[PDB]
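[1] Need coordinates for the following:
(one chain, ligands or ions: 1)
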Amino acid sequence: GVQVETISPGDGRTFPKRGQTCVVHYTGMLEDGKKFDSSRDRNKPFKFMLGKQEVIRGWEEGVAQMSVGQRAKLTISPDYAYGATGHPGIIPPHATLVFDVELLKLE
Ligand SMILES: C=CC[C@@H]1/C=C(\C)C[C@H](C)C[C@H](OC)[C@H]2O[C@@](O)(C(=O)C(=O)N3CCCC[C@H]3C(=O)O[C@H](/C(C)=C/[C@@H]3CC[C@@H](O)[C@H](OC)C3)[C@H](C)[C@@H](O)C/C1=N/NC(C)=O)[C@H](C)C[C@@H]2OC
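    Numbering: from 1, shown residues only. Sure, structure below:
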């Protein structure tokens, strides 16, 4: 449902743990490589917690594997993203997504 391909390594030691908030930057693209969203465009890190349905499942399972400082490409099947529906005006139906995600820090 999610493949993780590292772009730049993290420290390999500091992973998200229960009660912590992940602070990330991301860019989301479709399979054709075209961007549909990026926190870097608005220069606003995205904060979320694991275990609360705060993100699509591909992020839930992918970012949980990342360590602080890591930049990774997450390739997410529709089951782990927006499935047959998509997201109105942004993501088409049945869309495999590619996110470039950087774990900036844990809070
Ligand atoms: C009150 C709600 C506002 C609230 C919005 C924010 C905290 C802002 C946050 C940065 C999201 C971005 O705002 C510019 C947008 O980012 C994307 O462009 C993106 O790149 C993108 O894919 N993501 C953003 C970065 C993480 C991975 C992923 C993600 O998981 O996004 C959450 C989301 C829409 C989950 C669905 C939720 C329902 C559930 O059933 C579905 O299961 C199939 C999944 C999103 C964090 C959600 O949990 C919280 C919200 N939702 N608003 C909604 C749904 O309208 C997606 C396509 C759309 C997002 O705007 C809604």
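
[2] residues in the chain within reach of the ligand, list them.
    26, 28, 37, 46, 54, 55, 56, 59, 82, 87, 90, 91 (C-beta under 6 Å from any ligand atom). To be clear about C-beta, it is placed using only N, CA and C from the backbone, and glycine gets the same treatment.

[3] Just give the closest residue to the second one, not the sequence neighbours.
    Okay, so that is residue 28. Using C-beta to C-beta, 6 or more residues apart in numbering and skipping the chain neighbours, the partner closest in space to residue 28 is residue 37 (4.6 Å).

[4] again with the last one
    In space, residue 91 comes closest to residue 82 once its chain neighbours are excluded; the distance is 5.3 Å by C-beta to C-beta, 6+ apart.

[5] Report the secondary structure state of the one you found.
    coil (DSSP: H, G, I helix; E, B strand; the rest coil).

[6] So that it lines up with my notes, have the first residue be 13 from now on.
    OK, 13 is where the count begins now, so the last one is residue 94.

[7] secondary structure element for the residue nearest the centre of the chain?
    Nearest to the geometric centre of the chain sits residue 71, at 4.5 Å (C-alpha atoms, centre = their mean). Here residue 71 is covered by helix 69-75, with elements defined by DSSP states H and E.

[8] next helix or strand past that helix?
    Toward the C-terminus, helix 69-75 is succeeded by strand 83-88 as the next helix or strand (DSSP H and E).

[9] Partner strands of that next one and their direction?
    strand 14-20 (antiparallel), strand 109-118 (antiparallel) (DSSP bridges).

[10] quick one, what contacts the residue nearest to residue 103?
    By C-beta atoms under 8 Å, 6 or more residues apart in numbering, residue 94 lies in contact with 68, 103, 107, 109.

[11] Who wins on neighbours among these?
    residue 109 (23 neighbours; other C-beta atoms under 10 Å).
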